[PDB]
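K.L.:
Got a structure for you, questions after.
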Amino acid sequence: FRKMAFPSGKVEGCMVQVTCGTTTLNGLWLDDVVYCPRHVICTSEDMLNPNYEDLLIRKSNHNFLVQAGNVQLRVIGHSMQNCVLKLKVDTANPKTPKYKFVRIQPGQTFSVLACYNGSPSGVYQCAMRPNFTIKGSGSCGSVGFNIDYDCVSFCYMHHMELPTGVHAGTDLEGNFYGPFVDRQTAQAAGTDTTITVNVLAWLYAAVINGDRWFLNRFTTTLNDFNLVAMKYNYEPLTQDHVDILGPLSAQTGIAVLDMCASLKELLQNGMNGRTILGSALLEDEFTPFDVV
Amino acid sequence: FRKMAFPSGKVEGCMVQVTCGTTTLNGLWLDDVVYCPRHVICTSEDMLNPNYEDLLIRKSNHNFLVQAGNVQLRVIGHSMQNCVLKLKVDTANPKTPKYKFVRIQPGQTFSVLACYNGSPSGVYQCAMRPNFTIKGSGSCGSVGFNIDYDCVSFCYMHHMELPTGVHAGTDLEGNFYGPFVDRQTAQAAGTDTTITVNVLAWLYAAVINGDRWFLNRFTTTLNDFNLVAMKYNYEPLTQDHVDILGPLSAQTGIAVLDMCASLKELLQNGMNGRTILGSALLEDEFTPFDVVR
């Protein structure tokens, strides 16, 4: 059961390199706008406490250099939307896919096209952590996305590396995920928790595959499970979570609070050297949708 | 440290659907040739004892329906090279990247673009296991590749699922990896082993990152290392492997056999609740080449 990323070609055709002063990072070119982190207009000195409103009024179009591979794109206007800079350019991207800007929730998954100075280098599948960071792997301005039948839903743009080595960023409308700011200040990820509904989805995946040994005869209650969950650093499970797992309960004949009893037992006794779909640690970066 | 796949766009533009009879699977459209598994010409019955030469002589060009998106491609010739069918079409793929065909060895990594009826649906990063199978995820004719400086090295095409759930396939000259055949027999993957040289390159990546809780003050001989490691189903480490890790030893000041000693202790002790880039497992699908980059 591999973690799979979406095919990245539709996004690859949108990556460009944006340079302002000595700073170069990645930008997203859709029709005649290039989107990138606003902190590209920031000198290392400004990043300690910048006034973005005033730093950009002092900038003009000639301060921005946009490169789509070989071709330089001419900037003809610039604007900010929250923490994303919007550079209007004189050429519409002919490779623009059908797309939407969406904002995702903690625990949802997406693919990231990691890029270096407008040159895409690799693609990987993530989950947005409950503490709103991304455990991932210069790359600023790289984006996250899902694809639904020819439509690319952009959900993430990379802005910052946090001192624990995780990543922080915004949606494509410049709204941060998590209590972070685009400033060179002290900031840290909160204590993270495991995404319970994803673990349950992944256990249903093991039952759809031929692995049943963690199933037991018992049930538990939503409240009783949550007390075990909170004691083991796990997101609390909601009646909505139970509802999303409904399809996998109908398919496998394992009710959700039955699977919850299984998980509760695994959290207290381990696997005794057994494995679930190959692994011996519990996977939480597959959503119920991903498993279906 | 994420296991990353190559950006798949250059390969997406080469995926097509090949239909023969009631069988549809994926093909690879490069210049004016479509490559696909030759068992596309087999019925379910034929797969027990397929005589491919006999099955193929009875086909004409128009028995093969090739679809590239909305466009039907006209097949104008066909031939068989080992276990891959090569369909000559009347149109060169305008999206053909710079490419070559390479055959890989166990331990080598690559990306797989998993496709269904010519439609790419996901990309994942792979290693060829020592037993010549893939622990991967209607996929037949999906391909594995590496990308180096805008040139796509195709190394794998998917043909068969083995009863344990793993995958068997060929290079792009149609030669199977391992002892497997495109026939429904009792073949099974041999006991798999861990790719030792990849674990060590990864441990070197951990030290370079700044992680070294797992080091110790011991060394080992190469032979003592292998005697112990093979008790955990680890591949033997060769002098070639030692030579390969040389640049990482030089960069971290940690001799290869000293890292070998650490691995021996890691196998004996486990992780004790700790992690190594991240990670809760001894990871063996990053090559030394991968680690430098």
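K.L.:
Straight-line reach from residue A:100: which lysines have Cα under 27 Å away, leaving out those fewer than 8 places along the same chain?
P.N.:
A:3, A:10, A:86, A:88, A:135, B:10, B:95
K.L.:
So, one more: Stretched out fully, how many nm does the piece from residue B:221 to residue B:184 gain, at 0.36 nm a residue minus the Cα gap? Before the final figure, lay out the partial values.
P.N.:
On the way: separation 37, 0.36 × 37 = 13.32 nm, distance 4.48 nm.
Here the answer is 8.8 nm.
K.L.:
P(r) for chain B: what percent of alpha-carbon pairs falls in each 5 Å bin, starting at zero?
P.N.:
All Cα pairs, binned at 5 Å, distribute as 1, 5, 12, 15, 15, 13, 11, 9, 7, 6, 4, 2, 1, 0 percent.
K.L.:
Same structure again: How high is the FRET efficiency between residue B:79 and residue B:151 when r is their beta carbon distance and R₀ equals 25 Å, given to the nearest 0.05? Let's see the in-between values first.
P.N.:
Working: r = 25 Å, r/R0 = 1.02.
The computed FRET efficiency comes out at 0.45.
K.L.:
Still on this structure, please answer the following. Based on the mean of other Cβ atoms within 10 Å per residue, sort peptides A:43-51, B:230-238 so the most packed one is first.
P.N.:
Working: A:43-51: 12.2, B:230-238: 16.0.
Peptide ranking by packing, descending: B:230-238, A:43-51.
K.L.:
Still on this model: From the phi angles alone, apply the Karplus equation (6.51, -1.76, 1.60; θ = phi - 60°) to the range B:169-184 and give each ³J(HN,Hα) in whole Hz, x where the residue is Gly or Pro.
P.N.:
Taking θ as phi minus 60°, the curve returns x, 10, 6, 8, 8, x, 8, 5, 7, x, x, 8, 10, 8, 8, 7 Hz for the range B:169-184.
K.L.:
Using just the helices of the protein assembly as shown, give the 222 nm mean residue ellipticity in deg cm²/dmol: DSSP H runs with n ≥ 4 each add -39,500 (n - 2.57), and the total is spread over all residues, rounded to 500. Let's see the in-between values first.
P.N.:
Working: 16 runs with 128 residues, N = 585.
Using -39500 (n - 2.57) per qualifying helix, the result is -6000 deg cm²/dmol.
K.L.:
Right, here's the next one. Work out the FRET efficiency for residue A:100 and residue B:161 from their Cβ-Cβ distance, taking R0 = 35 Å, and round it to the nearest 0.05.
P.N.:
0.45
K.L.:
Show me the chymotrypsin sites (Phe, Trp or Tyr not before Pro) within the range A:51-117 that DSSP assigns to loop and that have at most 16 other Cβ atoms within 10 Å of their Cβ. Mind dumping the intermediate values first?
P.N.:
Values: sites: A:52, A:64, A:99, A:101, A:110, A:116; in loops: none.
Here no loop site has a sparse enough neighbourhood.
K.L.:
Next up: Just for the range B:98-177, what percent of DSSP beta bridges are antiparallel, to the closest 5? Walk me through the intermediate numbers first.
P.N.:
Working: 23 of 27 bridges.
In the range B:98-177, DSSP labels about 85 percent of beta bridges as antiparallel.
K.L.:
Treat each spin label as a single point 7 Å out from the Cα along the C-beta direction, and report the residue B:281 to residue A:88 distance in nm.
P.N.:
Computed distance between label sites residue B:281 and residue A:88 equals 5.1 nm.
K.L.:
Using R₀ = 51 Å, calculate the FRET efficiency as 1/(1 + (r/R₀)^6) where r is the Cβ-Cβ separation of residue A:233 and residue B:49; round to 0.05. All intermediate terms of the calculation are to be shown ahead of the outcome.
P.N.:
On the way: r = 56 Å, r/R0 = 1.10.
That pair, residue A:233 with residue B:49, gives E of 0.35.
K.L.:
How far apart, in nm, are two points set 7 Å out from the Cα along the Cα-to-Cβ line at residue B:31 and at residue B:265?
P.N.:
Between residue B:31 and residue B:265, the label points sit 5.5 nm apart.
K.L.:
Assuming a ≥ b ≥ c are the square roots of the Cα gyration tensor eigenvalues, decide whether the protein assembly as shown counts as rounded (a/c under 1.5), prolate (otherwise, with a/b larger than b/c) or oblate. Provide the component values of the computation, followed by the final result.
P.N.:
On the way: a/c = 1.40, a/b = 1.12, b/c = 1.26.
In terms of gyration-tensor shape, rounded.
K.L.:
How big is the gap, in Å, between the Cα center of the range A:12-57 and the Cα center of the range A:219-277?
P.N.:
What the calculation gives is 44 Å, centre to centre.
K.L.:
So what's the Cα pair-distance distribution over the range B:1-84, bin width 10 Å, in %?
P.N.:
Bins of 10 Å from zero give 15, 47, 24, 11, 3, 0 percent of pairs.
Rule-based calculations on the coordinates, nothing more; no lab input. Note that we place each Cβ from the backbone using ideal geometry, even for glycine, and neighbour counts take in every protein chain shown.
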